[PDB]
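Here's a solo chain for you in structure tokens, the form deposited without this ligand.
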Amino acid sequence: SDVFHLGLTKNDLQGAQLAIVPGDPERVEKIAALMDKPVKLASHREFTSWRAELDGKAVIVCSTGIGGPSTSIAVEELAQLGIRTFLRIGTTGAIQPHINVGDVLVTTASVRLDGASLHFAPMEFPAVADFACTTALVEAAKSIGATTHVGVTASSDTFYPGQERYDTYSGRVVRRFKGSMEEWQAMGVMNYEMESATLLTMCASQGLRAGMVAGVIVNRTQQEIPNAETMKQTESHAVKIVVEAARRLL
């Protein structure tokens, strides 16, 4: 085609400028089952892309995969095929008690705890979402009436220490993070994830717009445990949400 690790050409999109990029590519297919006339574009490494329409428009849903080292690849190669709006939808677990599993999270900006974003702009520069993609994500959630949360997200690079988890092998998080989470709550940040730091900033630093929505799948605070049975919320909600939000900014 022209890219590399995505193997989609330049016509596979047919004037596609938006892209609902999710984490696991297991989701990319079900995300498009929500829209119309899709197509399994490609699927190379962990970059599974589809192609669906909407309101007479052409948008694609490409999976980005764990962390920005990969994330940038997708954003990189997709944004050069044409996409100028990157809508991210994934799962997560929040750090604040006031957030009930099954609440959606629209994120204005994320706490950069990664070293990849630094490859696009200084640590001074913010990993802030796009207003258009942000209002179009809080109205979307409100449209279905979901108890949405807008704030900031702590975008770490590790699933264990950057998120201060002690239920691990060593059972010890490095000094810089010994207490990070208790600091994150006091500052109001909503949860933890690992791809927004890259996306937010690499988009915000080059004529690209983007936003992030996520569904609280679990939550490392609320005592009583959920139910997997009711973990499908990502479907009728977040997934629905992103498809709807994308509708708007189409």
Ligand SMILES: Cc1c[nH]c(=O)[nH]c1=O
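If you superpose the two forms and keep the largest set of C-alpha atoms that fall within 1.5 Å, you have the rigid core. All residue numbers refer to positions in the sequence shown, first residue = 1. Shifts are known only where both forms have a C-alpha.
Not pictured, yet referred to below: the form solved in complex with this ligand.
Checking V39, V218, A33, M187 against this ligand in the deposited bound form, a heavy atom within 4.5 Å turns up for just one residue: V218. Of the listed positions (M202, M194, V28, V59), a single one reaches within 4.5 angstroms of this ligand by any non-hydrogen atom in the deposited bound form, namely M194. Across the options 136-144, 123-131, 87-95, 170-178, residues that bring heavy atoms within 4.5 Å of this ligand in the deposited bound form belong to 87-95.
Within 4.5 Å of some heavy atom of this ligand in the deposited bound form lies at least one heavy atom of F159.
Within 4.5 angstroms of this ligand in the deposited bound form, the stretch 157-185 places a non-hydrogen atom from each of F159, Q163, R165, taken in sequence order. Among the candidates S70, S43, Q185, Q222, displacement between this form and the one not shown reaches 2 angstroms at the C-alpha for one position only, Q222 (superposition on the rigid core). Superposition on the rigid core leaves 222-229 as the sole run of at least three consecutive shared residues whose Cα positions differ by 2 Å or more between this form and the one not shown.
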